[PDB]
Amino acid sequence: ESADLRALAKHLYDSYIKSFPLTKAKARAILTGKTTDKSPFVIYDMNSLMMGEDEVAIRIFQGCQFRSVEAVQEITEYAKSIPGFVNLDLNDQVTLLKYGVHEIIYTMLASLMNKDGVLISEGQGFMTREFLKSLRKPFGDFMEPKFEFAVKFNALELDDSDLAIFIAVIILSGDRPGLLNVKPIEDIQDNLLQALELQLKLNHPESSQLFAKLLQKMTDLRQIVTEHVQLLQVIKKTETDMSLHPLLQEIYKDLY
Ligand SMILES: CN(CCOc1ccc(C[C@@H]2SC(=O)NC2=O)cc1)c1ccccn1
């Protein structure tokens, strides 16, 4: 079955590529100017944000919400390919996605980030970290957590084929609140974890406890969504007509 684990890994990686238009590999190549045809427009202030055309703190923040809505779709398409998943009780299919998508959004957002800022609009634009730190309270600090994490995370130097398995492990969490049949979920994850363990062994031989160090990052991931939600609350207490995209509403409904 170690051959399965390999085939499982290749499978996940193919669907991941099928499901997500902008990979870490492609993102890294835009972030480091492997190109002409590929360099981004840089939004670093209010003007260039205006001229950024391939209230503002509000525009950007809903911009972030439209990205999530797209992300949820892609992640969902990807989940479909995880062997076992569509066989779960669909109440559980639903729960796993609900508690899963943000952890995956932020994992993959890391792929799009460096110390200075984050890629946007399929890597066509690049928004600077200072610029985002410069929105007015409470929007002033909604991204910094993501950045602080992305910096640690990217230190792992994982690539797309590592990430594919990792995000499957995230979804298939038998610890999510309100699962009915947990044992099938953990049977799946056990395979995913083994696939992951082997992949890291093979892809980064020279790299002690990367498997463990990567699992520990799941902790940081959850704290990100934990605090993001805290902040949604501040915004909700502090802002008028702060209505959130219908889809993001269902997801945030009883989440923590
Ligand atoms: C700064 N960027 C990159 C996206 O960066 C993101 C930050 C946070 C999220 C999570 C969203 S925000 C929310 O409240 N709920 C969510 O699911 C999603 C993406 C963008 C992206 C598009 C337009 C403007 N700017």
# chains A, B, ... in the order shown; residues from 1 in each chain; ligands from 1

call {"tool": "residues_near_ligand", "arguments": {"ligand": "ligand 1", "cutoff": "7 Å", "atoms": "only C-alpha atoms and all ligand atoms", "output": "ChimeraX atom specification"}}
result
/A:60-61,63-65,67-68,102,105,109,118-121,127,143,232,248

call {"tool": "closest_atom_pairs", "arguments": {"of": "stretch 42-93 of chain A", "to": "stretch 173-194 of chain A", "cutoff": "9 Å", "atoms": "only C-alpha atoms", "output": "JSON lines"}}
result
{"residue": "A:82", "atom": "CA", "partner": "A:188", "partner_atom": "CA", "distance": 8.8}
{"residue": "A:83", "atom": "CA", "partner": "A:188", "partner_atom": "CA", "distance": 7.7}
{"residue": "A:84", "atom": "CA", "partner": "A:188", "partner_atom": "CA", "distance": 6.6}
{"residue": "A:85", "atom": "CA", "partner": "A:185", "partner_atom": "CA", "distance": 8.0}
{"residue": "A:88", "atom": "CA", "partner": "A:184", "partner_atom": "CA", "distance": 7.5}
{"residue": "A:89", "atom": "CA", "partner": "A:181", "partner_atom": "CA", "distance": 7.6}
{"residue": "A:91", "atom": "CA", "partner": "A:179", "partner_atom": "CA", "distance": 7.8}
{"residue": "A:92", "atom": "CA", "partner": "A:179", "partner_atom": "CA", "distance": 5.6}

call {"tool": "write_last_selection", "arguments": {"atoms": "N, CA, C and O atoms", "output": "PDB file, in the first residue's frame"}}
result
ATOM      1  N   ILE A  82     -11.068  14.102  -2.963  1.00  0.00           N
ATOM      2  CA  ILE A  82     -10.397  13.390  -1.895  1.00  0.00           C
ATOM      3  C   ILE A  82     -11.059  12.047  -1.678  1.00  0.00           C
ATOM      4  O   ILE A  82     -12.216  11.967  -1.257  1.00  0.00           O
ATOM      5  N   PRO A  83     -10.311  10.977  -1.986  1.00  0.00           N
ATOM      6  CA  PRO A  83     -10.890   9.629  -1.919  1.00  0.00           C
ATOM      7  C   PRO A  83     -11.578   9.391  -0.588  1.00  0.00           C
ATOM      8  O   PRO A  83     -10.937   9.428   0.462  1.00  0.00           O
ATOM      9  N   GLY A  84     -12.880   9.121  -0.657  1.00  0.00           N
ATOM     10  CA  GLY A  84     -13.700   8.870   0.517  1.00  0.00           C
ATOM     11  C   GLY A  84     -14.691   9.987   0.846  1.00  0.00           C
ATOM     12  O   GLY A  84     -15.811   9.734   1.294  1.00  0.00           O
ATOM     13  N   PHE A  85     -14.287  11.221   0.582  1.00  0.00           N
ATOM     14  CA  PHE A  85     -15.051  12.400   0.975  1.00  0.00           C
ATOM     15  C   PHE A  85     -16.507  12.436   0.498  1.00  0.00           C
ATOM     16  O   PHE A  85     -17.408  12.659   1.301  1.00  0.00           O
ATOM     17  N   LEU A  88     -18.874  10.348   2.392  1.00  0.00           N
ATOM     18  CA  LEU A  88     -19.319  10.678   3.728  1.00  0.00           C
ATOM     19  C   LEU A  88     -20.782  11.093   3.699  1.00  0.00           C
ATOM     20  O   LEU A  88     -21.308  11.496   2.666  1.00  0.00           O
ATOM     21  N   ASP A  89     -21.441  10.904   4.832  1.00  0.00           N
ATOM     22  CA  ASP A  89     -22.720  11.514   5.142  1.00  0.00           C
ATOM     23  C   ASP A  89     -22.622  12.995   4.781  1.00  0.00           C
ATOM     24  O   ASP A  89     -21.718  13.691   5.257  1.00  0.00           O
ATOM     25  N   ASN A  91     -24.226  15.698   5.602  1.00  0.00           N
ATOM     26  CA  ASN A  91     -24.181  16.635   6.711  1.00  0.00           C
ATOM     27  C   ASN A  91     -22.735  16.804   7.125  1.00  0.00           C
ATOM     28  O   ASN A  91     -22.316  17.900   7.463  1.00  0.00           O
ATOM     29  N   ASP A  92     -21.974  15.710   7.092  1.00  0.00           N
ATOM     30  CA  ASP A  92     -20.574  15.750   7.478  1.00  0.00           C
ATOM     31  C   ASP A  92     -19.719  16.358   6.386  1.00  0.00           C
ATOM     32  O   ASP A  92     -18.795  17.115   6.671  1.00  0.00           O
TER      33      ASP A  92
END

call {"tool": "select_by_dssp", "arguments": {"residues": "stretch 24-214 of chain A", "states": "strand (DSSP E or B)", "output": "ChimeraX atom specification"}}
result
/A:41-43,113-114,117-120,125-128

call {"tool": "write_last_selection", "arguments": {"atoms": "C-alpha atoms", "output": "compact mmCIF listing (two decimals), in the first residue's frame"}}
result
# COMPACT_ATOMS: atom_id res chain seq x y z
CA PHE A 41 1.08 46.09 -10.91
CA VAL A 42 1.97 47.34 -7.48
CA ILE A 43 -0.71 48.87 -5.27
CA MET A 113 2.74 36.29 0.20
CA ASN A 114 6.17 37.60 0.99
CA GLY A 117 2.96 42.03 0.42
CA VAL A 118 0.49 39.75 -1.25
CA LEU A 119 -0.44 38.85 -4.84
CA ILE A 120 -3.96 39.59 -6.00
CA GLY A 125 -1.62 42.80 -8.86
CA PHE A 126 0.47 43.00 -5.70
CA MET A 127 -0.75 44.80 -2.62
CA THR A 128 1.87 45.98 -0.17

call {"tool": "atom_distance", "arguments": {"atom1": "atom CA of residue A:44", "atom2": "atom CA of residue A:66"}}
result
20.3 Å

call {"tool": "select_by_dssp", "arguments": {"residues": "stretch 42-203 of chain A", "states": "helix (DSSP H, G or I)", "output": "PyMOL selection string"}}
result
chain A and resi 46-50+56-80+85-87+90-111+129-132+139-141+144-156+160-171+182-203

call {"tool": "residues_around", "arguments": {"residues": "residue A:104", "least_positions_apart": "3", "cutoff": "10 Å", "atoms": "only C-alpha atoms", "output": "PyMOL selection string"}}
result
chain A and resi 71-72+75+97+99-101+107-110+163+166-168+170-171+221

call {"tool": "closest_residue", "arguments": {"among": "A:229, A:12, A:58, A:5", "to": "residue A:242", "atoms": "only C-alpha atoms"}}
result
A:58

call {"tool": "atom_distance", "arguments": {"atom1": "atom CA of residue A:52", "atom2": "atom CA of residue A:244"}}
result
23.7 Å

call {"tool": "atom_distance", "arguments": {"atom1": "atom CA of residue A:116", "atom2": "atom CA of residue A:33"}}
result
14.5 Å

call {"tool": "closest_residue", "arguments": {"among": "A:172, A:159, A:29, A:227", "to": "residue A:204", "atoms": "only C-alpha atoms"}}
result
A:159

call {"tool": "closest_residue", "arguments": {"among": "A:138, A:21, A:40, A:145", "to": "residue A:106", "atoms": "only C-alpha atoms"}}
result
A:145

call {"tool": "closest_atom_pairs", "arguments": {"of": "stretch 121-161 of chain A", "to": "stretch 22-28 of chain A", "cutoff": "8 Å", "atoms": "only C-alpha atoms", "output": "tab-separated table"}}
result
residue	atom	partner	partner_atom	distance
A:122	CA	A:22	CA	6.3
A:123	CA	A:27	CA	6.7
A:159	CA	A:24	CA	6.7
A:160	CA	A:24	CA	6.0

call {"tool": "closest_residue", "arguments": {"among": "A:195, A:201, A:131, A:224", "to": "residue A:47", "atoms": "only C-alpha atoms"}}
result
A:131

call {"tool": "residues_around", "arguments": {"residues": "residue A:9", "least_positions_apart": "4", "cutoff": "8 Å", "atoms": "only C-alpha atoms", "output": "list in words"}}
result
residues 5, 13, 161, 164, 165, 195, 196 and 199 of chain A

call {"tool": "closest_residue", "arguments": {"among": "A:247, A:135, A:90, A:69", "to": "residue A:45", "atoms": "only C-alpha atoms"}}
result
A:135

call {"tool": "residues_around", "arguments": {"residues": "residue A:231", "least_positions_apart": "3", "cutoff": "10 Å", "atoms": "only C-alpha atoms", "output": "list in words"}}
result
residues 138, 139, 141, 142, 225, 226, 227, 228, 234, 235, 236 and 237 of chain A
